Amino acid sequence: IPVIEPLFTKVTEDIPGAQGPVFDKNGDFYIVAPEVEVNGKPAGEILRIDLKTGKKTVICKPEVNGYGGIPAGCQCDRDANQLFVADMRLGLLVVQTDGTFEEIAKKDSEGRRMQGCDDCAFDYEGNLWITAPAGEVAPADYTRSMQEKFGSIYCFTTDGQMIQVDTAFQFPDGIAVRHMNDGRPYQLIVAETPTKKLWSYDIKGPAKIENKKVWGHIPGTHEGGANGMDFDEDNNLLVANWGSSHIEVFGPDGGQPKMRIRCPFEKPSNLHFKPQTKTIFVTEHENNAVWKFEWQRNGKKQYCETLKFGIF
């Protein structure tokens, strides 16, 4: 498999468990520090990074009834400049740029206790697909599906329903949605970290997935595997392969990577394109830092970059 070694430029440092990189509608950049703790207890943070200096500001340090969160992944909304944040302890949060936040669900559409979430991806219809590798949200004791298969997948719909769409995964993490050229969502990709697999489903409609398939294979026998992912504008899927020192690049049809990107660190955790550029920001757990490098083309537009009131 061909490997490229582009120049990685440091963006910011000292972010415990750095991940969930995201850009909002104004081009501002944010990341999450899931591993920040206070007295051995969760006290995860959501930070804004000034790309001009690398300086960090903690805008939100979520806690519900005394239970600190473990913010882990983000997506920016389209109709309002607010962030949807997957939290391993609190479930799904909606965070404002002013730092205030709201907890979205303690239970799903079937009345079952909500599970802690890791990452999410908005499709162009505004539905949010979410991975939930943790067990029940606080106040339940914290559990993770790295050993047992109790990780689930949810779809938080436009009409406000938190629908569990699949279960029994061994730590589902990265997630992405593939769209047809006309904008119709049609494929959901989910990373199952330890099994070194990327799973796919046909998206038939809001919260409707079927045809579950082992779509791709992550290289290596190292501890870890696929974490965060995103599509470039040609629908190639770039996937952080935590523990391999590489970001894998899958073609539109999956299978084995078509190319690999060597990182100057072993644990890439997630990545995100800067709107209107070929720049990919990468979070990593070796140095708990953020970097950026130039990819071959622009990224696939995120939901927040699309227009609700456009003509074309």
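One rule holds for the numbers: they count along the sequence shown, beginning at 1.
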query: Comparing 61-69 with 35-43, the one whose average Cα B-factor in the PDB entry is higher; finding: 35-43
query: Residue stretch of maximal mean CA temperature factor, 155-163 vs 139-147; finding: 139-147
query: From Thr221, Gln75, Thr195, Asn241, residue of greatest CA B-factor; finding: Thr221
query: Out of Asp87, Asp123, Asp230, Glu103, highest CA B-factor residue; finding: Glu103
query: Ranked against its chain, the third holding the CA B-factor of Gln19; finding: lowest
query: Third assignment of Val282 from its chain's C-alpha B-factors; finding: lowest
query: Chain-wide C-alpha B factor ranking for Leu51, given as lowest, middle or highest third; finding: highest
query: Third assignment of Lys300 from its chain's C-alpha B-factors; finding: middle
query: CA B-factor ranking of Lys10, expressed as a third of its chain; finding: middle
